[PDB]
Amino acid sequence: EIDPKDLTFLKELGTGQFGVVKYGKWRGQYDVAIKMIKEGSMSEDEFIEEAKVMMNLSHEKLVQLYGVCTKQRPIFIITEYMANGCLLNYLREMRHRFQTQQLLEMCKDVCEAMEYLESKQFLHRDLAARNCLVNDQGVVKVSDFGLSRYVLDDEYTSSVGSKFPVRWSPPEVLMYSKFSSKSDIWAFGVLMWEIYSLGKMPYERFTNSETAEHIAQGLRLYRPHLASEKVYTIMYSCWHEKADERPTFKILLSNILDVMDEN
Ligand SMILES: Cc1c(NC(=O)c2cc3c(s2)CCCC3)cccc1-c1cn(C)c(=O)c(Nc2ccc([C@@H]3C(=O)N(C)CCN3C)cc2)n1
């Protein structure tokens, strides 16, 4: 429980699934982001009841959830600040600057975070470049892990809703709402594709339902120009139809490190 008196609001960062997010400082020194949770946007009682595990998740490649302010309305979620914003926009804006080594390093950053989450049996549930953030030194970190569970918005929570991350979902999520470590694995593959395509929309020009239909029948994302065959093999392994044939994040990290060593 953070004392809201210790927070200084400094800048509007935009709006996300829970409403307004602001940049500020904690105790005049530490850079933070502060989600001000819009009333009715979140299952607050449920989040508060369950939130301690999420705060104890600690890793260099996670965007840390520092604490909460719950003795007030609206409630706040205080996290680590990331000066370069979300990875999807960062890729798009610096598109002509990246070397292939840096793209691989981004994949490694995310994979390390996810390997940690996997070891804690904690699901992200909405992994995608938009839910990775970038610090002032270009380090990529995974953000808002586990929060999708508390979203109150039928357009997001229903698999036929317009905000559901269909393009990041395996068949068993689309058909059965069966989330597991292996649905995060699928999403990580799509994320690697977002990285190597330098921020393109997966299945662009397909609607969500067309995407569902086509992946169910075995359609997969093509190899981006900048991805080597070894890199494509890694992302492709995430997309096995059967969840039990997909690798673990431990295995993916080993795969990524091996490519780095060869390069
Ligand atoms: C995480 C986030 C959101 N998204 C969310 O809060 C949620 C996503 C999900 C939720 S809530 C529940 C379900 C799962 C998905 C919205 C706006 C800012 C930030 C955000 C957070 N953090 C932790 C940051 O460090 C950060 N940094 C940042 C943002 C914007 C800019 C900068 C800017 O100031 N503006 C105004 C736009 C251009 N941009 C580059 C720079 C850094 N943004």
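Counting starts at 1 for both ligands and their atoms, in listed order. Numbers for residues simply follow the sequence, beginning at 1. Note: hydrogens, waters and symmetry copies are ignored here, and every other heavy atom, side chains too, is used.
Taking a cut-off of under 4.0 Å to the non-hydrogen atoms of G16, the atoms of ligand 1 that pass are 4 (N), 5 (C), 16 (C). Every atom of ligand 1 with a heavy atom of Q17 under 4.0 Å away is listed here by number and element: 7 (C), 10 (C), 11 (S), 12 (C). For ligand 1 and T79, the ligand atoms under 4.0 Å from any heavy atom of the residue are 23 (C). Ligand 1 places these atoms under 4.0 Å from at least one heavy atom of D126: 14 (C), 15 (C). Near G85, meaning under 4.0 Å from any of its heavy atoms, are these atoms of ligand 1: 27 (N), 28 (C), 42 (C). Taking every heavy atom of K11 and a limit of under 4.0 angstrom, the matching atoms of ligand 1 come to 34 (O). When each atom of ligand 1 is checked for a heavy atom of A33 under 4.0 Å away, the hits are 22 (N), 23 (C).
Ring centers of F76 and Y66: at least 6.0 Å apart, outside the cut-off. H214 has its ring centre less than 6.0 Å from the ring centre of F206.
Among protein heavy atoms, the minimum distance from atom 15 (C) of ligand 1 is reached at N131 OD1, 3.5 Å. Protein heavy atom nearest atom 32 (C) of ligand 1, with residue, atom name and distance: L13 CD2, 4.8 Å. Residue, atom and distance of the protein heavy atom nearest to atom 8 (C) of ligand 1 are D144 OD2, 3.4 Å. Of the protein's heavy atoms, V21 CG2, 4.3 Å lies nearest to atom 2 (C) of ligand 1. Remark: minimum distance from atom 42 (C) of ligand 1 to any protein heavy atom is reached at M82 O, 3.3 Å. The nearest heavy-atom contact from the protein to atom 36 (C) of ligand 1 is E12 O, 3.7 Å. When only non-hydrogen protein atoms are considered, atom 22 (N) of ligand 1 lies nearest to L133 CD1, 3.4 Å. Scanning the protein heavy atoms around atom 40 (C) of ligand 1, the nearest turns out to be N84 O, 4.8 Å.
The pair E115-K61 does not count as a salt bridge, with every side-chain nitrogen at least 4.0 angstrom from each carboxylate oxygen. A salt bridge links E60 with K141: the distance from a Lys NZ or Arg NE/NH1/NH2 to an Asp or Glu carboxylate oxygen falls below 4.0 Å. Salt bridge present: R246 and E172 bring a charged side-chain N and a carboxylate O closer than 4.0 Å. Using a 4.0 Å cut-off between charged side-chain N and carboxylate O, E39 and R73 make a salt bridge. The pair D144-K35 meets the salt-bridge criterion, with a side-chain N (NZ, NE, NH1 or NH2) lying under 4.0 Å from an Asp/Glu carboxylate O. Between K25 and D31 a salt bridge is recorded (basic side-chain N to carboxylate O distance below 4.0 Å).
Ligand 1 has at least one atom lying under 4.0 Å from a heavy atom of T15. The closest approach between any non-hydrogen atom of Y156 and ligand 1 is below 4.0 Å. Using a non-hydrogen distance threshold of 4.0 Å, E80 registers as a contact of ligand 1.
Between the choices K35, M42, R130, the shortest heavy-atom distance to atom 6 (O) of ligand 1 belongs to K35.
Within the 4.0 angstrom cut-off, atom 38 (C) of ligand 1 has no protein heavy-atom neighbours. The nearest protein heavy atom to atom 12 (C) of ligand 1 is closer than 4.0 Å.
Classified by interplanar angle (parallel below 30°, tilted 30° to 60°, perpendicular above 60°), the ring pair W239/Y236 is perpendicular. Between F145 and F122, the ring planes lie perpendicular to each other; the angle is over 60°, past the 30° to 60° tilted range. Taking the six-membered ring for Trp and thresholds of 30 and 60 degrees, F188 and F249 have ring planes more than 60 degrees apart, a perpendicular arrangement.
At least one side-chain heavy atom of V259 sits under 4.5 Å from a side-chain heavy atom of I234.
Of all the heavy atoms of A83, the ones lying under 4.0 Å from any atom of ligand 1 belong exclusively to the backbone.
Defined by atom type and a distance below 3.5 Å, a donor-acceptor pair is present between the side-chain atoms of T70 and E1.
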